[PDB]
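Peer 1: Next comes entry.pdb, PDB, C-alpha atoms:
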ATOM      1  CA  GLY X   1      66.222-213.178 102.726
ATOM      2  CA  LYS X   2      64.912-209.954 104.305
ATOM      3  CA  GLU X   3      62.616-211.483 106.950
ATOM      4  CA  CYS X   4      65.246-212.817 109.374
ATOM      5  CA  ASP X   5      68.886-211.655 109.227
ATOM      6  CA  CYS X   6      69.500-213.242 112.647
ATOM      7  CA  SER X   7      68.709-216.721 114.021
ATOM      8  CA  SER X   8      69.640-215.920 117.646
ATOM      9  CA  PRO X   9      66.369-215.347 119.539
ATOM     10  CA  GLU X  10      68.391-213.875 122.427
ATOM     11  CA  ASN X  11      70.787-211.658 120.438
ATOM     12  CA  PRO X  12      70.416-207.982 121.408
ATOM     13  CA  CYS X  13      71.494-206.982 117.879
ATOM     14  CA  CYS X  14      68.485-208.580 116.145
ATOM     15  CA  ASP X  15      64.783-208.415 117.060
ATOM     16  CA  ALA X  16      63.148-211.849 117.425
ATOM     17  CA  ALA X  17      59.615-210.657 116.585
ATOM     18  CA  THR X  18      61.150-209.790 113.195
ATOM     19  CA  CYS X  19      64.237-212.040 113.317
ATOM     20  CA  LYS X  20      66.164-209.092 111.833
ATOM     21  CA  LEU X  21      68.471-206.327 113.113
ATOM     22  CA  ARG X  22      66.744-204.038 115.635
ATOM     23  CA  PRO X  23      69.489-201.387 115.992
ATOM     24  CA  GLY X  24      71.461-199.774 113.140
ATOM     25  CA  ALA X  25      73.851-202.758 113.072
ATOM     26  CA  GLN X  26      74.634-204.160 109.604
ATOM     27  CA  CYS X  27      74.409-207.730 110.944
ATOM     28  CA  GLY X  28      73.160-209.502 114.090
ATOM     29  CA  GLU X  29      75.653-212.338 113.734
ATOM     30  CA  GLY X  30      78.162-213.793 111.249
ATOM     31  CA  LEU X  31      81.747-215.055 110.883
ATOM     32  CA  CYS X  32      82.884-211.627 109.631
ATOM     33  CA  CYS X  33      80.647-209.400 111.790
ATOM     34  CA  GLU X  34      82.560-206.978 114.047
ATOM     35  CA  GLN X  35      80.095-205.645 116.644
ATOM     36  CA  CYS X  36      77.066-206.529 114.485
ATOM     37  CA  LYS X  37      78.802-204.596 111.680
ATOM     38  CA  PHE X  38      80.194-205.873 108.354
ATOM     39  CA  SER X  39      83.900-206.497 109.007
ATOM     40  CA  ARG X  40      86.320-205.298 106.309
ATOM     41  CA  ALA X  41      87.751-207.434 103.483
ATOM     42  CA  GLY X  42      91.026-209.187 104.313
ATOM     43  CA  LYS X  43      89.161-210.902 107.171
ATOM     44  CA  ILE X  44      90.103-214.562 107.728
ATOM     45  CA  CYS X  45      86.878-216.456 108.549
ATOM     46  CA  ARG X  46      88.067-220.058 108.063
ATOM     47  CA  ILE X  47      91.456-221.793 108.377
ATOM     48  CA  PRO X  48      92.580-224.701 106.165
ATOM     49  CA  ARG X  49      94.349-227.711 107.725
ATOM     50  CA  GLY X  50      96.734-229.703 105.500
ATOM     51  CA  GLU X  51      96.788-227.949 102.103
ATOM     52  CA  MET X  52      93.954-225.465 101.473
ATOM     53  CA  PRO X  53      93.570-221.721 100.892
ATOM     54  CA  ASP X  54      92.423-219.447 103.739
ATOM     55  CA  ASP X  55      88.971-217.821 103.806
ATOM     56  CA  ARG X  56      89.092-214.001 103.660
ATOM     57  CA  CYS X  57      85.767-212.165 104.008
ATOM     58  CA  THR X  58      85.249-209.408 101.419
ATOM     59  CA  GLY X  59      84.432-207.008 104.276
ATOM     60  CA  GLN X  60      80.906-206.381 102.947
ATOM     61  CA  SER X  61      80.169-210.051 103.717
ATOM     62  CA  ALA X  62      79.014-210.713 107.301
ATOM     63  CA  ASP X  63      78.993-214.526 107.103
ATOM     64  CA  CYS X  64      81.881-216.451 105.520
ATOM     65  CA  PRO X  65      81.345-218.324 102.264
ATOM     66  CA  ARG X  66      83.561-221.152 100.939
ATOM     67  CA  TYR X  67      86.651-221.197  98.687
ATOM     68  CA  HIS X  68      87.903-224.644  97.597
TER      69      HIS X  68
END
Written as structure tokens, how would this file's structure read?

Peer 2:
Amino acid sequence: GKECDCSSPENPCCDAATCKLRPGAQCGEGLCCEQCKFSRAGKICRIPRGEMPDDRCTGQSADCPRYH
């Protein structure tokens, strides 16, 4: 939601008292977060093993969702 965009209580990119981002970072953590910022689409966040499609972040997505 908008009360805790970070679960790391020791991350310097998110304030614990608020559990959110303290600086101007767009994310405190995530599979597609480059420097606490929203990576760009075309970002592989998960790799399939056997016969599955790859997981490319849409860039505006910090964490990585699912595909199959």

Peer 1: Between X:59, X:65, X:12, X:1, single out the one closest to residue 41 of chain X, counting all atoms listed in the file.

Peer 2: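 Among the listed residues, the smallest separation from residue 41 of chain X belongs to X:59.
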
Peer 1: So, with all atoms listed in the file as the atoms that count, which of X:64, X:36, X:6, X:45 lies closest to residue 24 of chain X?

Peer 2: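 Smallest separation from residue 24 of chain X among the options: X:36.
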
Peer 1: If we count all atoms listed in the file and set the cut-off at 12 Å, which residues sit around residue 8 of chain X, ignoring sequence neighbours fewer than 6 positions away in its own chain? Please answer as an MDAnalysis selection string.

Peer 2: chainID X and resid 14:21 27:30

Peer 1: For the atom pair atom CA of residue 54 of chain X and atom CA of residue 68 of chain X, what is the interatomic distance in Å to one decimal place?

Peer 2: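 Atom CA of residue 54 of chain X sits 9.2 Å away from atom CA of residue 68 of chain X.
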
Peer 1: Rounded to one decimal, what separation in Å do you get between atom CA of residue 33 of chain X and atom CA of residue 62 of chain X?

Peer 2: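 Computing the Euclidean distance for atom CA of residue 33 of chain X and atom CA of residue 62 of chain X yields 5.0 Å.
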
Peer 1: Just so the selection is clear, what residues does the PyMOL selection byres ((chain X and resi 56) around 6) cover here, as a ChimeraX atom specification?

Peer 2: /X:42-45,55,57

Peer 1: What separation in Å, quoted to one decimal, exists between atom CA of residue 52 of chain X and atom CA of residue 37 of chain X?

Peer 2: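 Distance between the two atoms: 27.7 Å.
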
Peer 1: With distances taken over only C-alpha atoms, which residue among X:25, X:11, X:67, X:4 lies nearest residue 39 of chain X?

Peer 2: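 Nearest candidate to residue 39 of chain X out of X:25, X:11, X:67, X:4: X:25.
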
Peer 1: Could I see segment 12-26 of chain X restored to N, CA and C atoms, set down as a PDB file, keeping the file's coordinate frame?

Peer 2:
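Listed below is the output, out_31.pdb:
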ATOM      1  N   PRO X  12      70.877-209.368 121.210  1.00  0.00           N
ATOM      2  CA  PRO X  12      70.416-207.982 121.408  1.00  0.00           C
ATOM      3  C   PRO X  12      70.661-207.148 120.145  1.00  0.00           C
ATOM      4  N   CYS X  13      71.227-207.742 119.131  1.00  0.00           N
ATOM      5  CA  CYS X  13      71.494-206.982 117.879  1.00  0.00           C
ATOM      6  C   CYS X  13      70.403-207.283 116.851  1.00  0.00           C
ATOM      7  N   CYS X  14      69.563-208.248 117.119  1.00  0.00           N
ATOM      8  CA  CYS X  14      68.485-208.580 116.145  1.00  0.00           C
ATOM      9  C   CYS X  14      67.166-208.810 116.884  1.00  0.00           C
ATOM     10  N   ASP X  15      66.102-208.234 116.396  1.00  0.00           N
ATOM     11  CA  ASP X  15      64.783-208.415 117.060  1.00  0.00           C
ATOM     12  C   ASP X  15      64.228-209.797 116.716  1.00  0.00           C
ATOM     13  N   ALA X  16      63.708-210.495 117.691  1.00  0.00           N
ATOM     14  CA  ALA X  16      63.148-211.849 117.425  1.00  0.00           C
ATOM     15  C   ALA X  16      61.788-211.715 116.738  1.00  0.00           C
ATOM     16  N   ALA X  17      60.953-210.831 117.215  1.00  0.00           N
ATOM     17  CA  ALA X  17      59.615-210.657 116.585  1.00  0.00           C
ATOM     18  C   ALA X  17      59.787-210.485 115.074  1.00  0.00           C
ATOM     19  N   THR X  18      60.915-209.980 114.654  1.00  0.00           N
ATOM     20  CA  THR X  18      61.150-209.790 113.195  1.00  0.00           C
ATOM     21  C   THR X  18      62.311-210.681 112.751  1.00  0.00           C
ATOM     22  N   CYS X  19      63.090-211.163 113.683  1.00  0.00           N
ATOM     23  CA  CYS X  19      64.237-212.040 113.317  1.00  0.00           C
ATOM     24  C   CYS X  19      65.269-211.229 112.532  1.00  0.00           C
ATOM     25  N   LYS X  20      65.190-209.928 112.593  1.00  0.00           N
ATOM     26  CA  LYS X  20      66.164-209.092 111.833  1.00  0.00           C
ATOM     27  C   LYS X  20      66.955-208.195 112.790  1.00  0.00           C
ATOM     28  N   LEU X  21      67.670-207.242 112.253  1.00  0.00           N
ATOM     29  CA  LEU X  21      68.471-206.327 113.113  1.00  0.00           C
ATOM     30  C   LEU X  21      67.562-205.251 113.708  1.00  0.00           C
ATOM     31  N   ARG X  22      67.605-205.072 114.998  1.00  0.00           N
ATOM     32  CA  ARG X  22      66.744-204.038 115.635  1.00  0.00           C
ATOM     33  C   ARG X  22      67.446-202.667 115.604  1.00  0.00           C
ATOM     34  N   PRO X  23      68.707-202.636 115.970  1.00  0.00           N
ATOM     35  CA  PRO X  23      69.489-201.387 115.992  1.00  0.00           C
ATOM     36  C   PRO X  23      69.975-201.032 114.583  1.00  0.00           C
ATOM     37  N   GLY X  24      70.942-200.162 114.483  1.00  0.00           N
ATOM     38  CA  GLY X  24      71.461-199.774 113.140  1.00  0.00           C
ATOM     39  C   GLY X  24      72.642-200.678 112.777  1.00  0.00           C
ATOM     40  N   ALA X  25      72.727-201.830 113.384  1.00  0.00           N
ATOM     41  CA  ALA X  25      73.851-202.758 113.072  1.00  0.00           C
ATOM     42  C   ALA X  25      73.675-203.303 111.654  1.00  0.00           C
ATOM     43  N   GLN X  26      74.751-203.623 110.988  1.00  0.00           N
ATOM     44  CA  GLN X  26      74.634-204.160 109.604  1.00  0.00           C
ATOM     45  C   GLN X  26      74.482-205.682 109.659  1.00  0.00           C
TER      46      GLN X  26
END
